[PDB]
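A short worksheet on the structure shown next.
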Amino acid sequence: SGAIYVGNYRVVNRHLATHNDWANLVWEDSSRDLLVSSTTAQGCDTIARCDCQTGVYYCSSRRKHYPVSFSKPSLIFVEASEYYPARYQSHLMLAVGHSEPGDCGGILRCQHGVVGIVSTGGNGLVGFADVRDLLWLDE
Ligand SMILES: C=Cc1ncccc1CC(=O)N1CCC[C@H](C(N)=O)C1
Ligand SMILES: [Zn+2]
């Protein structure tokens with residue numbers, strides 16, 4: 001589990017969105033496994049606006065942060081789950097690292113700020129959903 005809070009927005013994995021998230025829907029995209037909802041209270045996370053390929057991610061199944069090298073955001077084939085059929089998920093970044101299903105939502109961050117959140121995993125490869133191109137999260 002886990003989310004990003006910047007201004008009046010909450011960024012979660014789409015497959016983990018709540019009834020309150022859908023009742024206050026700003027934007028959602030199944031191909032990216034992303035959902036943004038609106039908040040009464042103000043968030044104070046900083047979103048990275050960069051092309052970094054190294055960073056640290058939080059892994060709840062180990063209660064640890066790990067340094068990783070990741071690929072640039074791209075279209076990557078993801079296996080079928082109870083939330084989606086087998087498909088290409090867009091804006092996905094891969095890293096060699098540990099993850100489990102309950103690890104989705106954990107933040108990946110570089111020296112510039114939040115880059116994205118854990119979204120996929122398997123075969124000792126962890127996939128992150130990029131949020132750096134969503135320029136409207138600040139404005
Ligand atoms: C990411 C957790 C994970 N890690 C290791 C093993 C298995 C998983 C589960 C996983 O990858 N997904 C199930 C939830 C939906 C995801 C998606 N974006 O399509 C895919
Ligand atoms: Zn950066």
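Values below: all heavy atoms of this structure, side chains included; hydrogens, waters and symmetry mates excluded. In this chain, residues are counted from 1 in sequence order.
One hydrophobic cluster, built from ILVMFWY side chains closer than 4.5 Å, cannot hold both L137 and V12; they sit in different ones. In this structure, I47 is not a member of the same hydrophobic cluster as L135, with clusters built from ILVMFWY side-chain heavy atoms closer than 4.5 Å. A single hydrophobic cluster is seen to contain both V6 and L134, as judged by linkage of ILVMFWY side chains at heavy-atom distances under 4.5 Å, directly or through other members. Residues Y5 and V36 are members of separate hydrophobic clusters, defined by side-chain heavy-atom contacts under 4.5 angstrom among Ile, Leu, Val, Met, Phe, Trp and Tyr.
The shortest distance between side-chain heavy atoms of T18 and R10 falls below 4.5 Å. The side-chain heavy atoms of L108 and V68, taken from C-beta on, include a pair separated by under 4.5 Å. Between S99 and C59, the closest side-chain pair of non-hydrogen atoms is not below 4.5 Å. Looking at heavy atoms from C-beta onward, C50 lies in side-chain contact with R132 at the 4.5 angstrom threshold. Residues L75 and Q89 fail the side-chain proximity criterion, which asks for heavy atoms closer than 4.5 Å. Side-chain contact between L34 and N13 is absent, with no heavy-atom pair separated by less than 4.5 Å. Considering only heavy atoms from C-beta on, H15 comes within 4.5 Å of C104 through its side chain. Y66 is not listed as a side-chain neighbour of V56, based on a closest heavy-atom distance of 4.5 Å or more.
Judged purely by atom type and a 3.5 angstrom limit, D103 uses its side chain to pair as donor or acceptor with the backbone of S61.
What you find for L94 and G127 is that their closest heavy atoms are CD2-CA, 3.5 Å. The two residues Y57 and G97 have their closest heavy-atom pair at OH-C, 3.9 Å. Considering every non-hydrogen atom in both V115 and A48, the closest pair reads CG2-CB, 4.2 Å. Taking all atoms of both residues into account, the shortest heavy-atom contact from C52 to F70 is O-CE1, 3.4 Å. Closest approach of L92 and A129 over heavy atoms only: CD1-N, 4.3 Å. The nearest pair of heavy atoms linking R49 to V131 is NH1-O, 3.5 Å.
Ring planes of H65 and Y58: tilted class, angle from 30 to 60°.
A salt bridge does not link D29 to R14: none of the charged nitrogens lies less than 4.0 Å from a carboxylate oxygen. A salt bridge links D133 with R32: the closest approach of a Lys/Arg side-chain nitrogen to an acidic carboxylate oxygen falls below 4.0 angstrom.
A donor-acceptor contact closer than 3.5 angstrom is absent between the side chains of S37 and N24. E100 and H98 are linked by a side-chain donor-acceptor pair at a separation below 3.5 angstrom, with hydrogens and angles left out of the test. Side chain to side chain, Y84 and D33 meet the donor-acceptor criterion of an N or O pair below 3.5 Å. Donor-acceptor pairing under 3.5 Å is lacking for the side chains of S69 and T54.
Note that OG1 of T120 is 10.0 Å distant from CE of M93, once rounded to the nearest 0.5 Å. Atom CZ of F128 is separated from atom OG of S71 by 9.5 Å, given to the nearest 0.5 angstrom. Here the OG-CG distance, from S38 to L25, works out to 8.5 Å after rounding to the nearest 0.5 Å. Between the CG atom in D21 and the CD atom in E28 there is a gap of 11.5 Å [rounded to 0.5 Å]. For the atom pair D130 CG and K72 NZ, the distance stands at 11.5 Å (nearest 0.5 Å). Summarising the geometry, atom CD1 belonging to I117 is positioned 5.5 Å from atom CD1 belonging to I4; distances are rounded to the nearest 0.5 Å.
Between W136 and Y9, the distance from one ring center to the other falls under 6.0 angstrom.
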